[PDB]
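The structure appears below as structure tokens.
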Amino acid sequence: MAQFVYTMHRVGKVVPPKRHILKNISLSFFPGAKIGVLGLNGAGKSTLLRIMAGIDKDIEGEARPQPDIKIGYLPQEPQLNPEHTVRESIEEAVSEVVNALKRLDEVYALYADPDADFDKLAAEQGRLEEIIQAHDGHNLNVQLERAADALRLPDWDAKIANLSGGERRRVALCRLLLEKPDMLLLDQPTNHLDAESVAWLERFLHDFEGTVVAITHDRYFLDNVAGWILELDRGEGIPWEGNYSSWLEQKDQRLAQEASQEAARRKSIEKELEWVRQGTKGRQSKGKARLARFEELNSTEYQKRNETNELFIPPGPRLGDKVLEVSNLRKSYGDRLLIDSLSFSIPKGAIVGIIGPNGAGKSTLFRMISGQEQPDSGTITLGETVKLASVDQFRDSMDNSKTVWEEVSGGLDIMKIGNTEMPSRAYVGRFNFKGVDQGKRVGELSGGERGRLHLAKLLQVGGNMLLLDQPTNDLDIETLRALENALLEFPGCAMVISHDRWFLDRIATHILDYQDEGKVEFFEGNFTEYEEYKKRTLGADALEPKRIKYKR
RNA sequence: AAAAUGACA
RNA sequence: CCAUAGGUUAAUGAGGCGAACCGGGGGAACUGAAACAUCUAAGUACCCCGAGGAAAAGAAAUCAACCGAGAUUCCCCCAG
RNA sequence: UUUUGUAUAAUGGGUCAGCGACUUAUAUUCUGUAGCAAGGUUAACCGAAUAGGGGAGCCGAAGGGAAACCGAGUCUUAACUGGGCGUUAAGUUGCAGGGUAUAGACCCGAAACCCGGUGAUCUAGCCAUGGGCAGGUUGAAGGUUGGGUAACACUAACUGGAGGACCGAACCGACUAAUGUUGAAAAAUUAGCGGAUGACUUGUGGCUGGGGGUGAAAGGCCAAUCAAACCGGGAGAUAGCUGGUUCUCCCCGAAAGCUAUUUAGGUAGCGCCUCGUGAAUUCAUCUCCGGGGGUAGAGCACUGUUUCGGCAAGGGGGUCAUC
RNA sequence: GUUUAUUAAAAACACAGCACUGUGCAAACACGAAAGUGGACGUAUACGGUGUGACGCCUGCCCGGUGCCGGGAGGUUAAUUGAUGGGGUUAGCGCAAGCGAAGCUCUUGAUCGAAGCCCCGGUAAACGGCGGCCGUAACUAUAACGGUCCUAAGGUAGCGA
RNA sequence: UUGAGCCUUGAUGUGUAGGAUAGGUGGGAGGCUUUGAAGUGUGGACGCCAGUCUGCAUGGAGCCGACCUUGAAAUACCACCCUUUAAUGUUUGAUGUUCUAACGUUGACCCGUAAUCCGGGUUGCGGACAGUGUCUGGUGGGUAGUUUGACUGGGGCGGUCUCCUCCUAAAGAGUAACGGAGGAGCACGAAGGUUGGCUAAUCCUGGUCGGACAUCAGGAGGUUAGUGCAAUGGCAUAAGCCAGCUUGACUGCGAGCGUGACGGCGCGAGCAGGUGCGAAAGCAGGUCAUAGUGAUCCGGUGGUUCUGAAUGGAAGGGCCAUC
RNA sequence: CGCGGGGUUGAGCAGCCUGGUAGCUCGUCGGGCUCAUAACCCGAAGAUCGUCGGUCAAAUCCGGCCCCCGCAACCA
Ligand SMILES: Nc1ncnc2c1ncn2[C@@H]1O[C@H](COP(=O)(O)OP(=O)(O)OP(=O)(O)O)[C@@H](O)[C@H]1O
Ligand SMILES: Nc1ncnc2c1ncn2[C@@H]1O[C@H](COP(=O)(O)OP(=O)(O)OP(=O)(O)O)[C@@H](O)[C@H]1O
Ligand SMILES: [Mg+2]
Ligand SMILES: [Mg+2]
Ligand SMILES: [Mg+2]
Ligand SMILES: [Mg+2]
Ligand SMILES: [Mg+2]
Ligand SMILES: [Mg+2]
Ligand SMILES: [Mg+2]
Ligand SMILES: [Mg+2]
Ligand SMILES: [Mg+2]
Ligand SMILES: [Mg+2]
Ligand SMILES: [Mg+2]
Ligand SMILES: [Mg+2]
Ligand SMILES: [Mg+2]
Ligand SMILES: [Mg+2]
Ligand SMILES: [Mg+2]
Ligand SMILES: [Mg+2]
Ligand SMILES: [Mg+2]
Ligand SMILES: [Mg+2]
Ligand SMILES: [Mg+2]
Ligand SMILES: [Mg+2]
Ligand SMILES: [Mg+2]
Ligand SMILES: [Mg+2]
Ligand SMILES: [Mg+2]
Ligand SMILES: [Mg+2]
Ligand SMILES: [Mg+2]
Ligand SMILES: [Mg+2]
Ligand SMILES: [Mg+2]
Ligand SMILES: [Mg+2]
Ligand SMILES: [Mg+2]
Ligand SMILES: [Mg+2]
Ligand SMILES: [Mg+2]
Ligand SMILES: [Mg+2]
Ligand SMILES: [Mg+2]
Ligand SMILES: [Mg+2]
Ligand SMILES: [Mg+2]
Ligand SMILES: [Mg+2]
Ligand SMILES: [Mg+2]
Ligand SMILES: [Mg+2]
Ligand SMILES: [Mg+2]
Ligand SMILES: [Mg+2]
Ligand SMILES: [Mg+2]
Ligand SMILES: [Mg+2]
Ligand SMILES: [Mg+2]
Ligand code: NA
Ligand code: NA
């Protein structure tokens, strides 16, 4: 009884093609409930989040929150100001209190003035004597000095342009949170965070009540916090009570049963078609009712929209012994040194996984490798046979006003990958972009579809020193494993930057571990062999967490 | 663990 | 001994019949809809119970419209 | 009579005489006639009552708009120089008539549905009771006495009298043929045929009732009637379907087409007929004038097809670098 | 032995025998608005239903469809229950405007909620089903044999114009 | 045995730096401490792991406030506790086991009674189940009511049913067959409106890769080109091709006509209010035209006090737009 | 001929599924293992997707031509 924070009733949704990404989803939520939303890229999870937060009311059905609840919505790709700084971007969040202090000091100026002393005050200041109290505008200074510690935000002077990818998400998380809301709706909240930040956030989420609906492709992240699982497969809402391991078997069972029913329906249709095509045998019935039943049996069902399979990677020029060695590399920004005295040499035909904290120079390394930057010391020495192909860390380089096919190919009926040409339509189709899904504008694309398309567009240079900067951005399990199996077959060299060590556990052959002081160390092997190295030359240190919290 | 066959003189 | 159930005994009443009309309990289908299932035929035919010279109803928890009328029953309009 | 069409070998009629089919309330529209006339007229009812009262009410004299509302105007519209509907031409009540509506609705005619009752004296099954089956055969189990065994088993003679057993009359049936089909008979006669101690047959009396009975099962039987008995009622069910429709004279006089249709043999609007009113040199023939055609015919520049020339691509079988 | 009384007496019906299935007794089942009767003054060696039809030798493979039996985890799931949001009215604050307490009403429908169905097994003397194309051996006549596709399984014994 | 709620008792709340696990206001202040210390073992939950709460060991008379070096201060009552939970009460819900008193008894005995019916009385056995009533989901040819189109060179099977183009079609319009051939159930915020500008297919000669055919140059050419999609009629003033600015793909009307049996469908100058393009004259109420479709009823969503059943409101209607 | 289905490597089959992407098992050819052959291992080849033709795009759509495989020919 009681409770019942949020409700959805027969909430359909129709997209321009014709299909219903959501149809007949009727369910309710309760205080202090954690829901994890699963599905595939295209299942409608982000649209459901937008509806639940109330951004869009173009539904059929009802979607009601209980009155007097604060809703914090974290979207797929939060948009900030490339002009702002961290200080003036975070300061926006607590807006009713900065103006409260400013106006209170101005009223402290104007109150001693004998002009309308009993008119300009009783009507105006009184509306602020509690805006400074309920929100507590006096102690925002210590509030920020404390809340900065937990996230370990970038420096206040830092600019958004100078900010790195993970720190940007950190800032956005602080901005969203500071409102102290009840409903917390997040769409993939841990896109760029490392082990420390992800563990901290998934402890804080579990502690924090008020109901949290989280989109996540990460089994380990979901297991800690989720008390309920929403499936959201093909326009249906399947609620599961349990953990990921128990739900995965039920999902597989459902798929197997649906395939069996499909086969049975096929066989029935063959059997009835034979009778329909038989003769007449005299002046007898032929059964108009039976004909109507057979005609009704010809219905349609949705195949799983993207059971995407192994991607395409076209290798290019043959590559020799020199694989762009690096000697005495040192990098800094003003006085902030990222890397000092780094020297290594990648072998031939290897995959090199790069690991480290947020804003430790990982993207900077690719920047100076691709010629965008320069080294403050030493030199990187390219091999003359080396072809470069580096994937940008951010999806935000496409133009949202163009079609998928036009964006990838360039408006050419035949483009070329590497040296051989092959048709552009086939080249895109190799990335599971069928002819129907060809026509959607790249601004109308899910996160995973956008990532796949951007990867497909950039990988057409036909190079052989693939500098992947987090290709595992918004990839599902099957989408991830397709590329994970395609990469192991790459002839050329692959340098991969990522935060999820489980993906790298299957593909990495060389390791670049970042550390403090700007220390970057090379290693040859996989992560189990790295653990073997640590255990052979060990050190007793496991006291990672402290749980700073936010409020006093 | 698997292991079939070889015209007459 | 309880006491009830019960069995003889007396006087008083009703049993059945009859044409129509009347009140009550049940209650069709053919037909029309140019087929038909909601609907109409129709609370009609028919069955059953009960009286009376008539029977039922009947003295506002009724209408009306800020003006008012005064139980019930039947006839002519309202009005197809 | 029905038809495109009948001497038709298409229907109906043996003949006379009698009977037999467009009617009757009410309502509405039009026509003729009669009375009053911007008015006309009453209903129920009262009444020594076809009179006289009764004007409740109905129609008409004003329309427009969905409505408020306005008013010889109104609606539309922000508004019409507009545009739709109206003003400017008399109605109402009887009588007679032609239509339409609700009633059986011009008359005769179904197979069928529903309701209440009468039927198991014929026939289905079953229940209680008591009769019938001439005559002649065959030899089961069993038993006794002998043989055989340690005992059995087995065996021989005698005896015995079983059976949906055998042949065959009464009795019960009904396989073949002939006769008879306005019969002797609304299922029989004649010569043959099956069962004939049994799951038999028969007398008397009971029980099962109509969407129900009973059925050694055929949709068989339930009073000569059964894929739902008979009698009465709803009931003059419905019939876009056949048949029939009664005295006389004068005038005019068609259609078998289009569109639509659960529609093709029905119906509805229009085209074709008749009666009445009002109107224009209204309409028809002919001569002259102003028109636009793309048919018949003709033709091959075009779309195609068709031969014969002289040119000429270009090409194919061999001969070739037989790259 | 029985049957279409009145055009069909039969290969049809019945039958003894066989099998499956239900039924623990106030039995299943049938006639009955019900009381109550038959079953039966019987009691699983009994009674009802269905198929086959003495006797002899036998009765092969398939649980995919459709029925039946068992399971209860999960999905869906009625009546009841009426939390919530929206709307109407208005005592008042205003006296232009608008807001709107308590009550009363219209609507919306949170939670709870069984059997069935989905799902998991069995069952064929339960209703039923029981394959294609191509090559191959001293006359190329045919295939003991092989290749491949599909099925729930590919017709066995015995018969066969 | 338990889910859930409620009320009271306890406990828990470690950013940095003051002192070191500290949630908020307190109200203000030293009082707590002696139902026997700060101190001496450790009980145990937890921890961010320094320890702070707490069972028991003798004695049993102790800490801080205040100063504040940080934003804030001193666990030294009680308050809705604001947070986790830990309990005992406590209401409700479920799942169970036990009982007797409703109820069942087609178990035994007794009486009415000379009665295997019925009733009553004792006694067992079940027992809040079973059973019945109302509501409700499933199943339900066991039973009942009906439907199952038309054209058609007889019916059935086959084909077809609405719209557009050509021919049949007889030089106005219309005109049939199960006659001869093809299409449609759309698209376009530009492919629409103006203002500027431009004009094709094919063939030849020359020329880098490059040829039979890509781009370039100049000659013949003269619409054999093109139209957003079938065919016919059109198109150079282009209705074809290329750009700018654009929203007339406007609102209310509409002289007068074409075509339909009707429902309806089509063309339309001009008038009023605003609008775009152009220097203006002017053009623009969709697309070169002809297919791209569905009446009424019922209901949904916006606007409008037109109406609002005693009155004021409201529900519900009406009208306009639309599904 | 009235109505349906089919045609893909040397054999049997997918892929026609709403067009951008020609595959499978056996078999042919060349090596290897073995005294030698089968089996087994390794490596290759080839298909105008029946045909005439008409969608940016087909094996995939549609019309036709060719051949093959089934079905129906009822009431008198
Ligand atoms: N205009 C459009 N036309 C066609 N498809 C569209 C259009 N707009 C959205 N879609 C489709 O609707 C779906 C929206 O999915 P959504 O944005 O929820 O992402 P997701 O794949 O469910 O989740 P996530 O990216 O967060 O992992 C996608 O499949 C997207 O392609
Ligand atoms: N132009 C710049 N000016 C100042 N600082 C910069 C600039 N570019 C990068 N940095 C700093 O360099 C550091 C590394 O940034 P980088 O882009 O390499 O991040 P990263 O390690 O890849 O992080 P992430 O996890 O977000 O991918 C950060 O601290 C960032 O603020
Ligand atoms: Mg009497
Ligand atoms: Mg009728
Ligand atoms: Mg009729
Ligand atoms: Mg009386
Ligand atoms: Mg005639
Ligand atoms: Mg004739
Ligand atoms: Mg003649
Ligand atoms: Mg005659
Ligand atoms: Mg004659
Ligand atoms: Mg005749
Ligand atoms: Mg005659
Ligand atoms: Mg009027
Ligand atoms: Mg009937
Ligand atoms: Mg008898
Ligand atoms: Mg005998
Ligand atoms: Mg007989
Ligand atoms: Mg005889
Ligand atoms: Mg005999
Ligand atoms: Mg005899
Ligand atoms: Mg008879
Ligand atoms: Mg009948
Ligand atoms: Mg009648
Ligand atoms: Mg009659
Ligand atoms: Mg005449
Ligand atoms: Mg007819
Ligand atoms: Mg000619
Ligand atoms: Mg016999
Ligand atoms: Mg007979
Ligand atoms: Mg006979
Ligand atoms: Mg009994
Ligand atoms: Mg048999
Ligand atoms: Mg259930
Ligand atoms: Mg029936
Ligand atoms: Mg009827
Ligand atoms: Mg017909
Ligand atoms: Mg003509
Ligand atoms: Mg003409
Ligand atoms: Mg155009
Ligand atoms: Mg121009
Ligand atoms: Mg134009
Ligand atoms: Mg056009
Ligand atoms: Mg009112
Ligand atoms: Mg309204
Ligand atoms: Na998303
Ligand atoms: Na980065």
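Naming works like this for the structure tokens: A, B, ... for the chains as they're shown, residue 1 at the start of each chain, ligands 1 onward in shown order.
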field: Backbone DSSP call of strand (DSSP E or B) for segment 2-154 of chain A, listed as a PyMOL selection string
entry: chain A and resi 6-13+22+27-29+34-37+60-65+71-74+85
- request: Kindly determine which residues of chain F lie within 12 Å of chain A, considering only C-alpha atoms (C1' of nucleotides), and give the answer as a PyMOL selection string.
  value: chain F and resi 4-5+13-16+22-24+47-49+70-72+83-84+148+155-158
Nearby residues (only C-alpha atoms (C1' of nucleotides)) at most 8 Å from segment 245-259 of chain D, same-chain spacing under 3 positions excluded, as number ranges by chain: D: 21, 271-274; F: 261
query: Given a cut-off of 8 Å, what residues near ligand 3 show up using only C-alpha atoms (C1' of nucleotides) and all ligand atoms, put as number ranges by chain?
result: C: 14-16
For the selection you just gave me, I'd like the residues written to a file as a PDB file, in the first residue's frame, keeping C-alpha atoms (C1' of nucleotides).
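And here's part_34.pdb as it stands now:
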ATOM      1  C1'   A C  14     -64.861 -24.658   1.348  1.00  0.00           C
ATOM      2  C1'   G C  15     -64.904 -28.773  -2.345  1.00  0.00           C
ATOM      3  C1'   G C  16     -67.695 -28.807  -8.128  1.00  0.00           C
TER       4        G C  16
END
task: Write out as a PyMOL selection string the residues lying within 10 Å of segment 3-5 of chain B, counting only C-alpha atoms (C1' of nucleotides) and excluding same-chain residues fewer than 4 positions away.
output: chain G and resi 37-39
query: What lies within 9 Å of segment 49-51 of chain E using only C-alpha atoms (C1' of nucleotides), ignoring chain neighbours under 2 positions off, as number ranges by chain?
result: E: 19-22, 125
task: Name the residues, by chain letter and number, that sit within 8 Å of ligand 32 using only C-alpha atoms (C1' of nucleotides) and all ligand atoms, and give them as a list in words.
output: residues 26, 37 and 39 of chain E; 106 of chain F
Counting only C-alpha atoms (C1' of nucleotides), what is within 12 Å of residue 304 of chain A, bar same-chain residues fewer than 4 positions away, as a PDB file with N, CA and C atoms, in the first residue's frame?
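Contents of the output file result.pdb:
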ATOM      1  N   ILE A  21       8.555   0.910 -31.205  1.00  0.00           N
ATOM      2  CA  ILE A  21       9.665   0.618 -30.304  1.00  0.00           C
ATOM      3  C   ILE A  21       9.158   0.348 -28.894  1.00  0.00           C
ATOM      4  N   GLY A  39      18.679  -4.540 -22.944  1.00  0.00           N
ATOM      5  CA  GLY A  39      18.176  -4.552 -24.295  1.00  0.00           C
ATOM      6  C   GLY A  39      19.312  -4.490 -25.285  1.00  0.00           C
ATOM      7  N   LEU A  40      18.957  -4.252 -26.540  1.00  0.00           N
ATOM      8  CA  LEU A  40      19.914  -4.125 -27.626  1.00  0.00           C
ATOM      9  C   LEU A  40      19.914  -2.693 -28.133  1.00  0.00           C
ATOM     10  N   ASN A  41      20.920  -2.372 -28.937  1.00  0.00           N
ATOM     11  CA  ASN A  41      21.031  -1.040 -29.523  1.00  0.00           C
ATOM     12  C   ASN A  41      19.882  -0.846 -30.502  1.00  0.00           C
ATOM     13  N   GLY A  42      18.898  -0.048 -30.102  1.00  0.00           N
ATOM     14  CA  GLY A  42      17.667   0.122 -30.854  1.00  0.00           C
ATOM     15  C   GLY A  42      16.425  -0.364 -30.134  1.00  0.00           C
ATOM     16  N   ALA A  43      16.546  -0.868 -28.905  1.00  0.00           N
ATOM     17  CA  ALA A  43      15.398  -1.442 -28.218  1.00  0.00           C
ATOM     18  C   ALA A  43      14.440  -0.375 -27.708  1.00  0.00           C
ATOM     19  N   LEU A 232      12.920  -4.970 -22.043  1.00  0.00           N
ATOM     20  CA  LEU A 232      12.689  -4.075 -23.177  1.00  0.00           C
ATOM     21  C   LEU A 232      13.322  -4.636 -24.454  1.00  0.00           C
ATOM     22  N   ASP A 233      12.781  -5.773 -24.894  1.00  0.00           N
ATOM     23  CA  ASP A 233      13.376  -6.483 -26.027  1.00  0.00           C
ATOM     24  C   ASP A 233      12.927  -5.922 -27.374  1.00  0.00           C
ATOM     25  N   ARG A 234      11.644  -6.061 -27.695  1.00  0.00           N
ATOM     26  CA  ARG A 234      11.148  -5.794 -29.044  1.00  0.00           C
ATOM     27  C   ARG A 234       9.807  -5.076 -28.987  1.00  0.00           C
ATOM     28  N   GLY A 235       9.713  -4.062 -28.136  1.00  0.00           N
ATOM     29  CA  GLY A 235       8.449  -3.406 -27.894  1.00  0.00           C
ATOM     30  C   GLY A 235       7.651  -3.990 -26.755  1.00  0.00           C
ATOM     31  N   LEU A 255      14.267 -16.975 -26.085  1.00  0.00           N
ATOM     32  CA  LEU A 255      14.630 -16.985 -27.501  1.00  0.00           C
ATOM     33  C   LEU A 255      14.463 -18.374 -28.105  1.00  0.00           C
ATOM     34  N   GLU A 258      10.773 -19.107 -28.634  1.00  0.00           N
ATOM     35  CA  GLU A 258      10.218 -18.334 -29.738  1.00  0.00           C
ATOM     36  C   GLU A 258      10.655 -18.909 -31.079  1.00  0.00           C
ATOM     37  N   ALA A 259      11.916 -19.333 -31.185  1.00  0.00           N
ATOM     38  CA  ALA A 259      12.369 -19.966 -32.421  1.00  0.00           C
ATOM     39  C   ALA A 259      11.625 -21.267 -32.692  1.00  0.00           C
ATOM     40  N   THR A 308      23.696  -8.120 -34.314  1.00  0.00           N
ATOM     41  CA  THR A 308      24.837  -7.763 -35.141  1.00  0.00           C
ATOM     42  C   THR A 308      25.957  -8.779 -34.962  1.00  0.00           C
TER      43      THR A 308
END
- request: Considering only C-alpha atoms (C1' of nucleotides), return as a PyMOL selection string whatever protein or nucleic-acid residues lie within 9 Å of residue 31 of chain C, sequence-local ones (same chain, fewer than 3 positions apart) excluded.
  value: (chain C and resi 41) or (chain D and resi 237-238)
Atoms to include: N, CA and C atoms (P, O5', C5', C4', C3', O3' and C1' of nucleotides). Write the selected residues as a PDB file, in the first residue's frame.
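Wrote again_28.pdb, looks like this:
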ATOM      1  P     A C  41     -44.309  -5.131 -31.384  1.00  0.00           P
ATOM      2  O5'   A C  41     -44.973  -5.708 -32.711  1.00  0.00           O
ATOM      3  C5'   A C  41     -46.142  -6.509 -32.647  1.00  0.00           C
ATOM      4  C4'   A C  41     -46.002  -7.768 -33.461  1.00  0.00           C
ATOM      5  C3'   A C  41     -46.545  -9.033 -32.820  1.00  0.00           C
ATOM      6  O3'   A C  41     -47.942  -9.174 -32.985  1.00  0.00           O
ATOM      7  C1'   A C  41     -44.390  -9.447 -33.691  1.00  0.00           C
TER       8        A C  41
ATOM      9  P     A D 237     -53.162 -17.776 -43.233  1.00  0.00           P
ATOM     10  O5'   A D 237     -51.832 -17.062 -42.739  1.00  0.00           O
ATOM     11  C5'   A D 237     -51.801 -16.304 -41.541  1.00  0.00           C
ATOM     12  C4'   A D 237     -50.387 -16.130 -41.055  1.00  0.00           C
ATOM     13  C3'   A D 237     -49.417 -15.542 -42.067  1.00  0.00           C
ATOM     14  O3'   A D 237     -49.438 -14.128 -42.060  1.00  0.00           O
ATOM     15  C1'   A D 237     -48.474 -17.475 -41.078  1.00  0.00           C
ATOM     16  P     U D 238     -49.664 -13.308 -43.415  1.00  0.00           P
ATOM     17  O5'   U D 238     -48.360 -13.612 -44.267  1.00  0.00           O
ATOM     18  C5'   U D 238     -47.168 -12.879 -44.048  1.00  0.00           C
ATOM     19  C4'   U D 238     -46.009 -13.476 -44.799  1.00  0.00           C
ATOM     20  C3'   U D 238     -46.148 -13.546 -46.306  1.00  0.00           C
ATOM     21  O3'   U D 238     -45.890 -12.312 -46.945  1.00  0.00           O
ATOM     22  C1'   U D 238     -45.350 -15.607 -45.504  1.00  0.00           C
TER      23        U D 238
END
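Around ligand 27, using only C-alpha atoms (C1' of nucleotides) and all ligand atoms and a cut-off of 7 Å, the residues in contact are residues 240, 265 and 266 of chain D.
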field: Shell of 10 Å around ligand 12 (only C-alpha atoms (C1' of nucleotides) and all ligand atoms), written as a list in words
entry: residues 2, 10, 11 and 242 of chain D
- request: Please extract the residues at most 9 Å from ligand 23, counting only C-alpha atoms (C1' of nucleotides) and all ligand atoms, and provide them as a VMD selection string, using the chain letters and residue numbers of this document.
  value: chain D and resid 112 to 113 211 228
- request: One decimal, Å: what's the distance from atom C1' of residue 6 of chain G over to atom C1' of residue 152 of chain E, could you say?
  value: 26.9 Å
Where does chain A meet chain E within 12 Å, residue by residue, with the nearest atom pair and distance in Å to one decimal for each, counting only C-alpha atoms (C1' of nucleotides), listed by chain and rising number, as a Markdown table?
| residue | atom | partner | partner_atom | distance |
| --- | --- | --- | --- | --- |
| A:1 | CA | E:111 | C1' | 6.4 |
| A:2 | CA | E:83 | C1' | 6.5 |
| A:3 | CA | E:83 | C1' | 9.1 |
| A:4 | CA | E:110 | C1' | 7.0 |
| A:5 | CA | E:84 | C1' | 10.0 |
| A:6 | CA | E:110 | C1' | 10.1 |
| A:7 | CA | E:110 | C1' | 8.6 |
| A:8 | CA | E:110 | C1' | 10.9 |
| A:9 | CA | E:109 | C1' | 9.9 |
| A:26 | CA | E:110 | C1' | 11.2 |
| A:27 | CA | E:110 | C1' | 9.6 |
| A:28 | CA | E:110 | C1' | 7.9 |
| A:29 | CA | E:110 | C1' | 10.1 |
| A:30 | CA | E:110 | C1' | 10.6 |
| A:62 | CA | E:85 | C1' | 10.6 |
| A:63 | CA | E:85 | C1' | 10.7 |
| A:64 | CA | E:85 | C1' | 7.9 |
| A:65 | CA | E:85 | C1' | 9.3 |
| A:66 | CA | E:85 | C1' | 8.3 |
| A:67 | CA | E:85 | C1' | 9.2 |
| A:237 | CA | E:75 | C1' | 11.7 |
| A:238 | CA | E:75 | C1' | 9.2 |
| A:239 | CA | E:75 | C1' | 10.1 |
| A:240 | CA | E:74 | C1' | 10.3 |
| A:241 | CA | E:74 | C1' | 11.2 |
| A:247 | CA | E:74 | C1' | 11.8 |
| A:250 | CA | E:74 | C1' | 9.4 |
| A:253 | CA | E:119 | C1' | 10.8 |
| A:254 | CA | E:75 | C1' | 10.5 |
| A:257 | CA | E:119 | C1' | 9.2 |
| A:258 | CA | E:118 | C1' | 11.3 |
| A:261 | CA | E:118 | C1' | 11.0 |
| A:263 | CA | E:64 | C1' | 11.5 |
| A:264 | CA | E:64 | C1' | 9.1 |
| A:265 | CA | E:65 | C1' | 11.4 |
| A:267 | CA | E:64 | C1' | 10.0 |
| A:268 | CA | E:65 | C1' | 8.7 |
| A:271 | CA | E:65 | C1' | 10.2 |
| A:272 | CA | E:65 | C1' | 11.8 |
message: Taking only C-alpha atoms (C1' of nucleotides) and all ligand atoms into account, list the residues no farther than 10 Å from ligand 15, as a ChimeraX atom specification.
response: /C:29-30 /D:112-113 /F:144-146
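Residues of protein, DNA or RNA lying at most 8 Å from ligand 44, when only C-alpha atoms (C1' of nucleotides) and all ligand atoms are considered, are residues 308, 309, 310, 311, 312 and 313 of chain F.
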DSSP helix (DSSP H, G or I) selection over segment 275-459 of chain A, as JSON, numbers by chain: {"A": [275, 276, 277, 288, 289, 290, 291, 292, 293, 294, 295, 296, 297, 362, 363, 364, 365, 366, 367, 368, 369, 404, 405, 406, 407, 408, 409, 424, 425, 426, 427, 428, 429, 437, 438, 439, 447, 448, 449, 450, 451, 452, 453, 454, 455, 456, 457, 458, 459]}
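Reported to one decimal place, the separation of atom 12 (O, counted along the ligand's line) of ligand 1 from atom CA of residue 448 of chain A is 11.5 Å.
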